[PDB]
Each structure stands twice: as C-alpha cells, then as structure tokens.
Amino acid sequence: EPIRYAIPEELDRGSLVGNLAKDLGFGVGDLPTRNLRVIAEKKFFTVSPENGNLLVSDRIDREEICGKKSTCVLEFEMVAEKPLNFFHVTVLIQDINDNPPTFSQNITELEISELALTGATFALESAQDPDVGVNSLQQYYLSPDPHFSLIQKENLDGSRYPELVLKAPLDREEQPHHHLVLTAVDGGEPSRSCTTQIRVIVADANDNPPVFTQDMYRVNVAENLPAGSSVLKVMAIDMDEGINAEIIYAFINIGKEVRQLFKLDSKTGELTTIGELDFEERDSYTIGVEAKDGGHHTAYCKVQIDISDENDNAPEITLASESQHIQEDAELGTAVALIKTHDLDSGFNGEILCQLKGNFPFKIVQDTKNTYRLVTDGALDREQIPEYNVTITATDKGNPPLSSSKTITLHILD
C-alpha cells in the first residue's frame, strides 16, 4: 500500500516473486471471496488466487524491457473485489551479466603513416554491452606487440574506452602491416569477454631519396657511332611506394653542344645519341645526371662518355713552287717544290708516309715530320721534255689506311 519487490531477471516460470496477500494485510480465510488478480497488458506476473503469491508468468528480460536504463521497475495494479480495490505493486528487475561485450566488426583496418612519432595516439572503437552497471563496465587489453601499446581512459560517466599508442616508430619499408588483438572483458559475474583484430596498415611516406647504382657511369664509344645508338643506362632505386618511387632522370648543367648530341630518357634513364660524335672536336663528355621522385627528393650522379679515335680523315698535301718553273740548267739537288702533309687524326691514324709516284728526274727529301722538298735528281732539257706532271701521294698508317694524291705541273725553262 504500496509495495515494491526486487527480483533478478531471467527467472524460470513459476518463481516466487512474493506473498502479495500476506504482505497487503490479506488473510487466507478470504483468499477466494476477494479474487485477487494482476492487471497489466504485459503478461509478466500472475497472482495465485489460492494462496495469494505473486509469481513469474513469462520471461523477464531486463535488456528488452529497460535497455540501458540504470533502474528497471515494473509497475502494475493487483485488483481485489468484495470490496473492489486497487493495490499498486512495483517490481524492481535486477540486472545479471548474461550478455557478453561485442565489437562492431571482427577485423578493423587502420591506416597509419610511417611518419607517426613515438607516443602518437589513435582512437579505437569501444565495445558495446546491453547490460548495465558493472555488468557492462568494460576492461580492454591489447596483446603484446613490439610497436603498439594500449592506454585506457574513462569518460565523465565512468565508462572506459581504449586508445592505441605508438611506442616504436613505423617503417613501411621494414613492415607494412601489424596484426593486433584487442580483448574486452566486462565486470560482471561471471566475466564475459570478446575479441577483435586490428590490421594496422602502414601508409607510405617519402622518407627514402633515390639512390643511383653508381656515382659515375663511364663508357668508351667510337666516334663513328651512328645516331640513335644506346651508349649507357643509368639506374636509381627508390624504396618507397607509388608516386614516392617514380623516378625521373634528366641532364643538369648541360650545354647546347651536348644538348644537340645526347638524350636521356626521363623514364627508362637510358642514354642515347641524337647527333654525330667527332673525336677531332671533343674526345670526352662529363655530364651531370639528376633523379627525382614524386616527393621531390633528388639524387645526383655523373656520366663520362669517352670517344676513341677512328681513321676517318684522309691525309692532305699542300704544294709550293717558284711559279711551277724550273730552269733546265739547274744544279742537282735544287729545291723545286715544297710539300706539306697534314692529317687531322691522332696516333698512327695521323702518321703520314709521303712518296713520289713515277720515274721522274726528281726525288723527295724529308725535312721535318710533315715537310718535304722535291729536289732535282736528273738531267733537264726543255727541248726534250718541256714539263713534268709530278704526282705526290700521301698515305696514313691507320686501319684501314687512307690516302690522297696531288699532281703539280713543273715547266722547264731555257
């Protein structure tokens, strides 16, 4: 008048809630004349009209009735007749730990960049529990891992929530994935728990610059190398992923004489020629090469292209004389013509042998390495032979050898 009992949830049917008749001043001597009965649209309790006992009639699930409410009370009216009267009854439904905690998904992915500093904190999804009180108060535990630990905090209402903490730096180059296990154990009786797996995927950062396989790429190519030919191929390695690893090669500090001669592929890094090499013009090229990635990390190496000499220049003859005139009475040994040979090549390709083709009354006398004198060696008479067509030949010592001829007409005078 009124009265309030208190029973745990999930009791079997027919469990004694109370002695409503005894507790409300009734006597068994008038248990039937009064005809007590319960009145409620929910068939949760029934009054035994023989002895007056309030009993459980159906399943009383506190989670379905009150949910997350801190208190669970069921209010109804027991009505009696002769005389008619209402008797308000309230029954408190205590919570039992009959529900385990749960996570939203069994496996959760978490993207964390390798630039995360030691001590960085990342939010973790908390567990849910339809119970109340200590039966839903959770305790979180992370399985031991060399890189990640767990800190546990509490909200302003006392409920716990976990956070992942980084205690050792990450390196996608070393380990791109970490598999963690999280467990939630409630504080009810008995203890109930659940587990979820966290796949930490290490997001790539551009912490690795390109690295050339060599700080110097040296090669020797002949000067008669056709245009478009491959000469060498540089190579840079980037340990990072995606755009952080795409490398673009380019020449640096290059001149127009080399810009019109060589080409470096931006992607493949293969060096080729686009013009004609000439040993007589330049015998070596030192070129700086730069490699860049997506994050603008740079690396620098050098390329030395040495050019070897080829015998692609024929010897040259230059002649002089006294207006191509010779007096017929000239003494033996008189200078008649001057010979000057020259070859643009080097080594034995540039060495010159100069000789006289024919059977003339003349003779070549060598003065220096590249200077000769055509001198008279025989008789002369304008009446018999008025002029001589003297042919001088020059041949280098290359492989294959090259040669050239030059013929001068020498007139005989009286």
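Note that residue numbering begins at 1 and tracks the sequence as displayed.
Stretch comparison (399-407 versus 12-20) by mean CA B-factor in the PDB entry places 399-407 on top. In this entry, 33-41 has the higher mean Cα B-factor, the comparison being between 33-41 and 362-370. The residue among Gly228, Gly288, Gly187, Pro130 whose C-alpha carries the highest B-factor in the deposited model is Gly228. The residue among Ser104, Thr341, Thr298, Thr195 whose C-alpha atom has the highest B-factor in the PDB entry is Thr341. Placement of the Cα temperature factor of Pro144 within the chain: lowest third of the modelled residues, per the deposited record. Placement of the Cα temperature factor of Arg160 within the chain: lowest third of the modelled residues, per the deposited record.
Among the modelled residues of the chain, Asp345 sits in the lowest third by CA temperature factor in this PDB entry. In this PDB entry, the Cα temperature factor of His325 sits in the top third of its chain's modelled residues, the highest group.
Remark: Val336 belongs to the middle third of its chain, ranked by C-alpha B-factor as recorded.
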